[PDB]
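Below you'll find the structure, written out as structure tokens, and then a few comments.
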Amino acid sequence: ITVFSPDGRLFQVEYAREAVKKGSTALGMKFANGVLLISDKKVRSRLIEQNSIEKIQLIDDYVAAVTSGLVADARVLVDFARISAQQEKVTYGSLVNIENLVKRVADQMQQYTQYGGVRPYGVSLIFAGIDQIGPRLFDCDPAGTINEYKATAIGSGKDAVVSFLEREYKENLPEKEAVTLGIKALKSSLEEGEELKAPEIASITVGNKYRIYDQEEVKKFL
Amino acid sequence: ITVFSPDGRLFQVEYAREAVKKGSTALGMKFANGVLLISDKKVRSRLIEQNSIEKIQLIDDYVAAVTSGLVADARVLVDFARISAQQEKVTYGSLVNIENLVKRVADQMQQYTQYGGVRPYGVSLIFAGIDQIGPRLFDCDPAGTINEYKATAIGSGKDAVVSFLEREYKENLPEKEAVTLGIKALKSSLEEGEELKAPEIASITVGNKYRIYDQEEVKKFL
Amino acid sequence: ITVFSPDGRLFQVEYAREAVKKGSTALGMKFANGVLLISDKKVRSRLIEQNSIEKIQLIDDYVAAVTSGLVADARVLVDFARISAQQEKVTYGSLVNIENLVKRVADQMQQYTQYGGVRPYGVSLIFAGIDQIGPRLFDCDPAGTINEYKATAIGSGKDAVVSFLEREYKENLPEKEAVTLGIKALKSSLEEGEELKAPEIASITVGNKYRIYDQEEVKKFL
Amino acid sequence: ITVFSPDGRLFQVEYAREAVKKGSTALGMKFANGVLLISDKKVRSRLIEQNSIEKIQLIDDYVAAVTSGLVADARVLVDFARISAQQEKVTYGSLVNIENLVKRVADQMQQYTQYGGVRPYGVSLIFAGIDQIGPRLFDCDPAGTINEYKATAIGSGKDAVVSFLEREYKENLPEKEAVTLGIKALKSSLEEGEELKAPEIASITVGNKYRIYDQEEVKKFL
Amino acid sequence: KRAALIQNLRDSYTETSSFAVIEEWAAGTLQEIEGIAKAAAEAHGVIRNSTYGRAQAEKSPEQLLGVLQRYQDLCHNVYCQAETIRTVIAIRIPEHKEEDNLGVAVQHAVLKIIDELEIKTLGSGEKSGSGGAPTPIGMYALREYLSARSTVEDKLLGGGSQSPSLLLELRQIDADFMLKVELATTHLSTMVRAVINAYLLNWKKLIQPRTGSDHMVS
Amino acid sequence: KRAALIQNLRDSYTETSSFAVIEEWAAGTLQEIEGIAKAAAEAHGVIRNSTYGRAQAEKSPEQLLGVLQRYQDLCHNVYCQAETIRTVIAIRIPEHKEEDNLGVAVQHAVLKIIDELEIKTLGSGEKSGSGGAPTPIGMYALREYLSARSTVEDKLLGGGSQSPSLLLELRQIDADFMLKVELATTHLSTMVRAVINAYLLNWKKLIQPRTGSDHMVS
Amino acid sequence: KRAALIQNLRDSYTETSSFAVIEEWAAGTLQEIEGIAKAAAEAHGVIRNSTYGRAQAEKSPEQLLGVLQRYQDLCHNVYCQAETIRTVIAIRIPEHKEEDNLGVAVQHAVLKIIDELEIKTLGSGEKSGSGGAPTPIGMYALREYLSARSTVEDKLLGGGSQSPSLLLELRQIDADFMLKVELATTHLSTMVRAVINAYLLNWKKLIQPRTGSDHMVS
Amino acid sequence: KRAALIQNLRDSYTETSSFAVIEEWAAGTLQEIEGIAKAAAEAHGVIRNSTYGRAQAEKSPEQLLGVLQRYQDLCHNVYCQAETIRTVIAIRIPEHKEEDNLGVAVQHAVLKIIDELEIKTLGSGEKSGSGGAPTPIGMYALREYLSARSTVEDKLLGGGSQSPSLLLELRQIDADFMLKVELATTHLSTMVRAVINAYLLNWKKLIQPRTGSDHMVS
Amino acid sequence: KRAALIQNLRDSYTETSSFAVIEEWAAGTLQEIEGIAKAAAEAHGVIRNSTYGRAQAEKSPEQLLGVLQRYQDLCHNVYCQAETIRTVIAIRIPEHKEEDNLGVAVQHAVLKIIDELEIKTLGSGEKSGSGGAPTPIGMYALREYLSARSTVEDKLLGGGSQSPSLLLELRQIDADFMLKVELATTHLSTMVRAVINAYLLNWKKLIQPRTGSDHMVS
């Protein structure tokens, strides 16, 4: 699990990544003075309570995450991120750079790829928020590898969504236009004939706290 | 016990789930201001005591669980939920959101899928009760995966019962009509010519504490 | 040892059950205001101190156990049951419900099927006594699975003994009639023309302590 | 992972060195009263935020590192090095010889080739800075082997860059000419018809703190 | 379109096609096999009650020819019916993987008992291998018998041959070929029964060797 | 230039080449096979109904040769077509390694069954292994039929043989060769179906057995 | 209905059918083998102290045909009886699994000893494996004998041969075939006895390979 | 001097010798094989529209003899060219060790496929092994052809045979040998293409199977 | 009933039945083998000082027949005796398990060396395996000789062969078959002595392969 192959590969980590590819698609993008997240939900049965166990999880008022891959692994990691954010705020009085929070989470993941008696987390996360530097968007994978982005995606439709954004994405769009772009990007990832039900959507702009779009505001984009 | 396969699967957890498909069938469903649970059981012998029968366990006065799979594993997780519920009541003076209890139980199960030197719990659980949000119904599986439901089932008859409920379930039924619906649902999971003996039934409504339907009250629904 | 098979089985646990099957037959039954245990001695060699390494063991004055399977594992579990009874009595001043004691023993057995680094106990037990609820009878297997009974058996002759009790067992018998039915049941488990030589018998009724029958008292029943 | 082959090789360490060969190219060289570092960047797409996940990492004001191989493993060593630098400064008031810091990092890497239950770090590092002896340039590999250099390289283009420097390198160049030579050595390692996108550059001269060339400073070389 | 192509294969050869065969094997096939066995036992009695002269080398005994013929038509049908089952399993061997192969292992186990039925039991192949021909007699038994009787017929007819044993060989060829039909039908009955049990115990994994919906990932 | 040599190979034999074969096999080829089985069954009944005399040894039946020729032509086409698929896979077997071989294993698994189709099922080789020939008849069925029949013909025509079984054997060769075609086309239908399924389920790993670019390193 | 199809199979061949065989084997079978062994031994002594001329090439000895014939009928009974034991086990081989196969292993081990009895001891196969034929004589011993003696008869009867060793060789075919019956019956005795022991030690797992109802999971 | 002896083997057969083979195989060799397949196809169609009288047994057909000669030359050339590549790899098999064997396993895997090309595909050996001869025709096809044709010719020419199938067989020997070239050339093309891809992907480890300098020690 | 049937077998063939064979092998059996070896070496010394004419072809040498007859009888006895030991072991092979097989392993290893003795050393099989026949001659050596000698006699007598080497070969058959008895008896000596040792060292586990009764459970 912590073993190099002859070519220098960590096969357990690359298998952890296969688990991530099975999760549903989520994306984030920076726009003029803000950042947003959009999560696809395949919600299934009418017997489910849809009003809970959400894909977009607030880490605090200024930072949110969405995950893909093993659901239980993901929850434990989101818990870790919340607590770790709180420890930083207690220590310094605030959280100046979200990048340090993402590194602490990614360090926890890296460690489960290096020590024996433990498997990697089968998870990918996107973190989005505003710190003292500005709006931020990062991703993080089973290995603890991180990147900061203008736009990005995770889950089964990752590659479709990113192909679309490479062509279509422009910096500094208004919130409404960015949401539209995102909704469109997400649609591109679907099988044709396959329709897109109520995605989760959340955004934040400089000077404010996160808003989660209510079920009504999301429709106006579908 | 904690290894990814090339396709990102955790086979030990998938096998622990096979253990759950062998247990007796239980179900829960929300109704008008309330939630109930119904458990089947195969008592073989007449030499067995009925009434010490350990199925539908109260966690506290407002929360109950049924389980399926390995009965000894299940008993350990029900003790964990009981103690964990008490620790929350002592810390905050009450239990505001049953979902946090279910997460602690599920987090305990996830860890046994991640750390070596230990096997997963071969158990699924349903938790039902009332908190500040209202009536809740959750399930939880060997991986520590949880969902909130309108109605659900676990055990060997799971698939039939869910199919039935998917066609027959309606919200905001009166308790009487819900219990009746649950009994029909459970009966539909049986062998042909196989009679349903007395199941356990428990319900709770907003502003009350759990009631266990006694031996004779149950019989009225058969 | 702590591993699921693809069908969800714990083979080490199932193999520990095989060692239990090789042990001597014992049984217990509830009767009018009481409960008894009968244990087939199955001795050989006039060189052994008969009436020394007793199969029926007092846990306290109100609770006894009989075991089957590996004798050394069994001794360890009985010692654990004794210390665990005293701990409860020191804490609360008395032991209100024998089931909790049985659960503590069962939990210790369960742990040994879940954690690597140990094998299960190759032991089954019957616990019989009187608590604040009435006369009690439980059994407990290598998995830490437990049941409450009106009558039950463990060991090589279990199936015959249960089969026989399933026919002949009547509820609220006088002690002397209960003991006879028990000797009857135990005889039926022997191979053709095999001879039952002095079992251990112990009994207890509400308001008294246990009595172990001595050798002269058992012969009267043969 | 901590095991000798019949010829006395540590294959796990050699496999970790394979991972290092896939990393992006970087180099350092001492010049007149100074030392510099230049890193190539495998730039994903325009969606990647460039201000970010720098290849050149300052360890303190007088010391910097650049790494190649597993990016999460490298991040962990770079954190370790920063803290280890601060611990020396607290202990003695300053950091007299940079080689003791590189040895502390290399010791930590050496351990992960000797104790079981961990894998080696899949990382090589170049450290460059000024101490009491003067300008310093070391490298460090997955085994914890260290060398001091005049000029050196790591990553995929290592062998190309090194052969170029072996012909082209001259001691005591002025900074401008050291940088120009470095850019040349990097271009030498590129696939024909592939274009140098614009590296990271950083230099330090005696008496001074590190400078990180900005994008338009690097432009005058590309 | 690739899924359409796959689905058209599987629609054409379904669990019903192979169940139909197994149902026929459990009833009519086994009865026919008993009949043929009785007929060979009868012919074998008649040959035991006989002395042979070159009149026996001059005519080819139509009763044996009909027992052998009836055995061959039986083998022919069992073969074609076996192939129906092989097809049903073979077009459902799932995507090649190094995991989730418990069902795939059932498919290969049942394909193997069926290959033994066709290859070893029914001797359907042009050539047997270094395993041998472990059935008493195969699909081309009639041709085997005729060519074995031919040889001795030629030798005896030519005066032909004086040898007293050669003449008894002619009768023994007639007898042994009836014996072989008696033994082979017994051996085939067992194999057909072995496969009825194998198929009916395992058909669910034969048809749907993987069940691939997890709730661990979202 | 080494890369261009490989790219010319792969440009000439693309996934399109092998898919065309599988499309043809799923439609026309299976129908032609069934057709040969019907004709062989037709010709077989004709022989079952006949009394053979010496006239039958003086002419070789045009009907049976027509069936055997049809079987040979079909086998020829399938062999060539199977080699198009083998080429497509075989030129995409990647750099030899001790790792990242899950797709390579698929490639080898699918080549094995195509080999079996060619070597075993079609009996296209000059000599069989110690596995033998488990197919009823092979590619060179015309030649095997003519060779078996000519032997008996020469013995019959001389003065010819007086053996009554030998004239019956002339007839059994005619019947058994049509039976062999019926059985072989059936076996071959199964093999072709197995391969259609194997290919269509596994085709992406057949063409790209490795997908190799980590985000772990730089 | 599938469970009924299985139940009917198992009701037709019960543990009683196979026990009955073993009871027969332990008693009458072993006695008849000893019978055949003595008969052959007397027929070997008769040929030993005996001189041959071409009057022995003019008749086939009836004492010898009778021994071989009696041996063949015995082999025929053992074979058919062995098939009964194999049907009893084979139709009780349970659902194919990667676990819980300790009884299944017992089933296969006994099936294997039965096949060696059928295939290798009784030489019942028409063509034996690369391992050869380790039994001294098989089921088709009578045919073997007449074939071997006939060759030597035609050579002697003719203008005959004047080779003194060929005439002694007719003597040796007679002797050796009786020797081979003495050897083969002794060998067959061991096998039958080994199978009575194996069956009687293992019959419970043979009939019921898995006992499965856990109390862990409710 | 030992190292000088090794240096001279290696300088005499280099990567350039083996590369030149691969170059020639990608272009000229595959064109030639295509040329032969056409000639065999053309020749086969001529025989297909032909009735054969005894005149056909009197003259050996030069068109076929030439197609086969041409095929043989090509096989000969491929065999010597394969031996060049085999030599380049084989004289670079490094010191025997129980480690550092990844380049070596590449060398063994390429050598194995060249073995197959030389032994199986080209049928170069004088005796094929236990896995017979998989290729439709080998290196000595001309001699196989002439030997088969002349047994028939000789039987047909004088007192000759009246067998009508014998006459058809002569034509079938002519047709089949042309078909076997059509098949053999397609199969050879696959193998040659497989070897080009294998060599070009692996040539670096074929030449330097170990690149072994550590910085770990001093 | 079941245990009685097993008991009857084990009462009939006890360790005393196998020890008695071994005692007999250690003493008389080995001396009879030296006997035949003396007899053969001298008959070989006669044939060596011998020039052969046509007269040696008109009479089969009675001393050689005698040496060979003697060898055959010995082999008959040893085979039969070997079968008594195999019976003692084989009827004591315990219930089939995946555990407690250390004595069972002793039983199989000893059974292997007895099969080697019977099958490979004594050539008792009617047909060899692909392991050939490592013994210089087997059980049916007399018949081997007569057949070999009969062939060359026929050739020499006729208008018969003028080859001088065919005359030398008749003598070479006479010598070689004696040489072969010298070798086979030596080889047989080693094997008998290997089995005496193997039996005597392993006999306890041979009879009681398990001592099963732990004190652990009650």
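Residues in the structure tokens are numbered from 1 in each chain, the chains being A, B, ... in the order shown, and ligands are numbered from 1 in the order shown.
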
- Could you list the residues in chain B lying within 12 Å of chain F, using only C-alpha atoms, and format the result as a list in words?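 Every residue meeting the condition is included here: residues 5, 6 and 7 of chain B.
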
May I have the selected residues written with C-alpha atoms, as a PDB file, in the first residue's frame?
ATOM      1  CA  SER B   5      -8.686  -3.689  -5.836  1.00  0.00           C
ATOM      2  CA  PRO B   6      -7.594  -2.416  -9.332  1.00  0.00           C
ATOM      3  CA  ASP B   7     -11.165  -1.092  -9.833  1.00  0.00           C
TER       4      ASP B   7
END

- Would you list, as a PyMOL selection string, the residues of range 36-215 of chain C that end up in alpha helix (DSSP H) under DSSP run on this structure's backbone? chain C and resi 71-92+98-111+158-168+175-187+215

For the selection you just gave me, I'd like the residues written to a file as a PDB file, in the first residue's frame, keeping C-alpha atoms.
ATOM      1  CA  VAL C  71     -11.180 -26.770  28.460  1.00  0.00           C
ATOM      2  CA  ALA C  72      -8.411 -24.290  29.032  1.00  0.00           C
ATOM      3  CA  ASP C  73     -10.200 -21.503  27.017  1.00  0.00           C
ATOM      4  CA  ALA C  74     -13.307 -22.430  29.062  1.00  0.00           C
ATOM      5  CA  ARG C  75     -11.544 -21.999  32.413  1.00  0.00           C
ATOM      6  CA  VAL C  76     -10.336 -18.539  31.325  1.00  0.00           C
ATOM      7  CA  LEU C  77     -13.893 -17.441  30.395  1.00  0.00           C
ATOM      8  CA  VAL C  78     -15.335 -18.755  33.668  1.00  0.00           C
ATOM      9  CA  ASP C  79     -12.633 -16.826  35.620  1.00  0.00           C
ATOM     10  CA  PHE C  80     -13.541 -13.713  33.558  1.00  0.00           C
ATOM     11  CA  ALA C  81     -17.302 -14.285  34.323  1.00  0.00           C
ATOM     12  CA  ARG C  82     -16.466 -14.535  38.090  1.00  0.00           C
ATOM     13  CA  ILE C  83     -14.447 -11.318  38.224  1.00  0.00           C
ATOM     14  CA  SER C  84     -16.999  -9.538  36.055  1.00  0.00           C
ATOM     15  CA  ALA C  85     -19.857 -10.578  38.452  1.00  0.00           C
ATOM     16  CA  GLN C  86     -17.965  -9.173  41.462  1.00  0.00           C
ATOM     17  CA  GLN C  87     -17.155  -5.943  39.657  1.00  0.00           C
ATOM     18  CA  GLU C  88     -20.880  -5.432  39.056  1.00  0.00           C
ATOM     19  CA  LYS C  89     -21.716  -6.142  42.702  1.00  0.00           C
ATOM     20  CA  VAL C  90     -19.072  -3.770  44.029  1.00  0.00           C
ATOM     21  CA  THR C  91     -20.414  -1.023  41.660  1.00  0.00           C
ATOM     22  CA  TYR C  92     -24.139  -1.400  42.269  1.00  0.00           C
ATOM     23  CA  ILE C  98     -27.914 -11.859  34.710  1.00  0.00           C
ATOM     24  CA  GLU C  99     -28.221 -11.014  31.017  1.00  0.00           C
ATOM     25  CA  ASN C 100     -25.729  -8.158  31.362  1.00  0.00           C
ATOM     26  CA  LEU C 101     -23.111 -10.497  32.819  1.00  0.00           C
ATOM     27  CA  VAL C 102     -23.655 -12.877  29.898  1.00  0.00           C
ATOM     28  CA  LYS C 103     -23.290  -9.917  27.478  1.00  0.00           C
ATOM     29  CA  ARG C 104     -19.934  -8.949  29.023  1.00  0.00           C
ATOM     30  CA  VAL C 105     -18.640 -12.514  28.536  1.00  0.00           C
ATOM     31  CA  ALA C 106     -20.104 -12.635  25.028  1.00  0.00           C
ATOM     32  CA  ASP C 107     -18.431  -9.215  24.175  1.00  0.00           C
ATOM     33  CA  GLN C 108     -15.072 -10.509  25.264  1.00  0.00           C
ATOM     34  CA  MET C 109     -15.669 -13.488  22.907  1.00  0.00           C
ATOM     35  CA  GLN C 110     -16.817 -11.236  20.057  1.00  0.00           C
ATOM     36  CA  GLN C 111     -13.645  -9.067  20.270  1.00  0.00           C
ATOM     37  CA  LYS C 158     -26.766 -31.340  21.629  1.00  0.00           C
ATOM     38  CA  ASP C 159     -28.972 -32.158  18.642  1.00  0.00           C
ATOM     39  CA  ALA C 160     -30.480 -35.291  20.149  1.00  0.00           C
ATOM     40  CA  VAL C 161     -31.008 -33.501  23.488  1.00  0.00           C
ATOM     41  CA  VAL C 162     -32.732 -30.496  21.901  1.00  0.00           C
ATOM     42  CA  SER C 163     -34.791 -32.752  19.612  1.00  0.00           C
ATOM     43  CA  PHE C 164     -35.883 -34.758  22.654  1.00  0.00           C
ATOM     44  CA  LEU C 165     -36.660 -31.648  24.765  1.00  0.00           C
ATOM     45  CA  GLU C 166     -38.543 -30.172  21.820  1.00  0.00           C
ATOM     46  CA  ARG C 167     -40.967 -33.127  22.271  1.00  0.00           C
ATOM     47  CA  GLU C 168     -40.925 -33.821  26.003  1.00  0.00           C
ATOM     48  CA  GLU C 175     -37.724 -29.874  40.437  1.00  0.00           C
ATOM     49  CA  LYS C 176     -37.655 -33.702  40.759  1.00  0.00           C
ATOM     50  CA  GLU C 177     -39.751 -34.096  37.610  1.00  0.00           C
ATOM     51  CA  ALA C 178     -37.523 -31.592  35.813  1.00  0.00           C
ATOM     52  CA  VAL C 179     -34.343 -33.471  36.798  1.00  0.00           C
ATOM     53  CA  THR C 180     -35.913 -36.761  35.484  1.00  0.00           C
ATOM     54  CA  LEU C 181     -36.923 -35.267  32.162  1.00  0.00           C
ATOM     55  CA  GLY C 182     -33.321 -33.986  31.958  1.00  0.00           C
ATOM     56  CA  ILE C 183     -31.729 -37.383  32.633  1.00  0.00           C
ATOM     57  CA  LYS C 184     -34.143 -38.804  30.057  1.00  0.00           C
ATOM     58  CA  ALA C 185     -33.051 -36.192  27.474  1.00  0.00           C
ATOM     59  CA  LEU C 186     -29.400 -36.871  28.153  1.00  0.00           C
ATOM     60  CA  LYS C 187     -29.792 -40.675  27.800  1.00  0.00           C
ATOM     61  CA  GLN C 215     -22.835 -38.313  43.938  1.00  0.00           C
TER      62      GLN C 215
END

- Task: Quick one: everything within 12 Å of residue 95 in chain H, counting only C-alpha atoms, minus sequence neighbours fewer than 4 positions away in the same chain. Send it as a PyMOL selection string.
- Result: chain H and resi 90-91+99-101+104+209-210

- Query: What's the 7 Å shell around residue 128 in chain D, counting only C-alpha atoms, without same-chain residues fewer than 5 positions away, as a list in words?
  - Reply: residues 35, 63, 64, 65, 136, 137 and 138 of chain D

- Rank B:119, B:55, B:30, B:21 by their smallest atom-to-atom distance to chain C, using only C-alpha atoms, and report the top residue only. B:119

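For the choices E:197, E:14, E:69, E:130, the atom-to-atom distance to chain I is smallest for E:130 when using only C-alpha atoms.
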
- May I have the residues of chain B within 9 Å of chain C, counting only C-alpha atoms, written as number ranges by chain? B: 1, 11-20, 22, 45-50, 52-54, 70-73, 75-76, 116-122

The selected residues should be written to file as a CSV table (one decimal), in the first residue's frame (atoms: C-alpha atoms).
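Output below, filename part-v6.csv:
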chain,number,residue,atom,x,y,z
B,1,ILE,CA,-8.7,-6.0,5.0
B,11,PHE,CA,-13.9,-6.5,-1.2
B,12,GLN,CA,-13.8,-7.1,2.6
B,13,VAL,CA,-16.5,-4.5,3.0
B,14,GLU,CA,-18.5,-6.0,0.1
B,15,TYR,CA,-18.2,-9.4,1.8
B,16,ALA,CA,-19.3,-7.9,5.2
B,17,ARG,CA,-22.4,-6.7,3.3
B,18,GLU,CA,-23.1,-10.4,2.2
B,19,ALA,CA,-23.2,-11.1,6.0
B,20,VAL,CA,-26.0,-8.5,6.3
B,22,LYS,CA,-28.5,-13.1,5.7
B,45,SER,CA,-37.6,-23.5,18.7
B,46,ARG,CA,-40.5,-23.3,21.2
B,47,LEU,CA,-37.7,-23.8,23.7
B,48,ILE,CA,-36.5,-20.2,23.1
B,49,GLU,CA,-37.7,-17.3,25.4
B,50,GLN,CA,-39.7,-14.7,23.6
B,52,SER,CA,-35.6,-11.4,25.8
B,53,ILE,CA,-35.5,-11.4,22.0
B,54,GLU,CA,-32.9,-8.7,21.3
B,70,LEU,CA,-23.8,-10.6,12.7
B,71,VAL,CA,-25.8,-10.3,16.0
B,72,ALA,CA,-22.7,-10.1,18.2
B,73,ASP,CA,-21.1,-7.3,16.1
B,75,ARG,CA,-24.8,-5.8,19.9
B,76,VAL,CA,-21.4,-4.0,20.3
B,116,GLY,CA,-5.4,-3.1,9.2
B,117,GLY,CA,-5.5,-5.7,12.0
B,118,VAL,CA,-9.3,-5.6,12.3
B,119,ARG,CA,-12.3,-6.7,10.1
B,120,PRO,CA,-15.4,-4.6,9.3
B,121,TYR,CA,-18.5,-4.9,11.3
B,122,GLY,CA,-20.9,-7.3,9.5

- Message: When you look at residue 137 in chain H with a cut-off of 9 Å (counting only C-alpha atoms), what residues show up, excluding the ones that are within fewer than 4 positions of it in the same chain? I need them as a list in words.
- Response: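 Contacts, with the query itself left out: residues 125 and 126 of chain F; 121, 122, 123, 133, 141, 177, 180, 181, 183 and 184 of chain H.
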
- Query: Which of these, E:74, E:3, E:27, E:207, has the shortest distance to chain G once you count only C-alpha atoms?
  - Reply: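 Answer, going by the shortest atom-to-atom distance: E:27.
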
- Determine the nearest neighbour of chain G from the options E:140, E:71, E:199, E:52, counting only C-alpha atoms. E:199

- Go through range 44-219 of chain B and collect every residue that DSSP, computed from the backbone, puts in strand (DSSP E); the answer should be as an MDAnalysis selection string. chainID B and resid 57:60 63:69 123:131 134:140 146:148 151:154 200:205 211:212

- Could you please tell me, as a VMD selection string, which residues of chain E have an atom within 7 Å of chain F when using only C-alpha atoms? chain E and resid 2 6 58 to 60 80 83 87 90 to 91 95 to 96 119 124 to 130 143 146 to 147 149 to 150 153 to 154

- Query: CA of residue 62 in chain B and CA of residue 205 in chain B are how many Å apart?
  - Reply: 9.2 Å

- Message: So that I can check the surroundings of residue 66 in chain C, please list as an NGL selection string every protein, DNA and RNA residue that reaches within 10 Å of it, counting only C-alpha atoms and ignoring chain neighbours fewer than 4 positions away.
- Response: :C and (25-28 or 37-39 or 54-58 or 74 or 78 or 124-128 or 139 or 153-154)

- Contacts of residue 84 in chain G at 9 Å (only C-alpha atoms; same-chain gap of 5+ positions) as a ChimeraX atom specification: /E:186,190 /G:13,17-18,21,79,89

- Message: Rounded to one decimal, what separation in Å do you get between CA of residue 222 in chain A and CA of residue 188 in chain A?
- Response: 13.1 Å

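Our summary of the geometry notes that CA of residue 88 in chain H is positioned 19.8 Å from CA of residue 1 in chain F.
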